[PDB]
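Structure first, commentary second.
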Amino acid sequence: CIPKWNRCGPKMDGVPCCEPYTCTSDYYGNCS
């Protein structure tokens, strides 16, 4: 998963932010 406060892209890499966190943009954004 991706560490909080970092770039996340589950639709482009297949790995969203960690369960306790969420991604804002599926293409390119941040987690919090």
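Technique stated in the header: solution NMR.
Cβ atoms are placed via backbone N, Cα and C, with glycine included.
Quick look at what Swiss-Prot lists:
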DISULFID  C1-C18  disulfide bond
DISULFID  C8-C23  disulfide bond
DISULFID  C17-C31  disulfide bond
Worksheet item: Whole-number Å distance between the CA of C1 (disulfide bond) and the CA of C8 (disulfide bond)?
Response: 9
Worksheet, complete the sentence: Looking at the disulfide-bonded residues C1, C8, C17, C31, the one with the fewest other Cβ atoms inside 10 Å is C1
Worksheet, complete the sentence: disulfide-bonded residues considered: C18, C23; fewest surrounding Cβ atoms within 10 Å belongs to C18
Worksheet entry | Distance from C8 (disulfide bond) back to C17 (disulfide bond), taken between C-alpha atoms, in Å | 6
Worksheet item: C8 (disulfide bond) to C18 (disulfide bond): how many Å between their Cα atoms?
Response: 10
Worksheet item: Secondary structure at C18 (disulfide bond) (DSSP, helix/strand/coil)?
Response: coil
Worksheet item: Where does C31 (disulfide bond) sit by DSSP, helix, strand or coil?
Response: strand
Practice prompt. List the Cα distance (Å, whole number) between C18 (disulfide bond) and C31 (disulfide bond).
Written response: 9
Fill in: Euclidean distance between Cα atoms of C31 (disulfide bond) and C23 (disulfide bond), Å
5
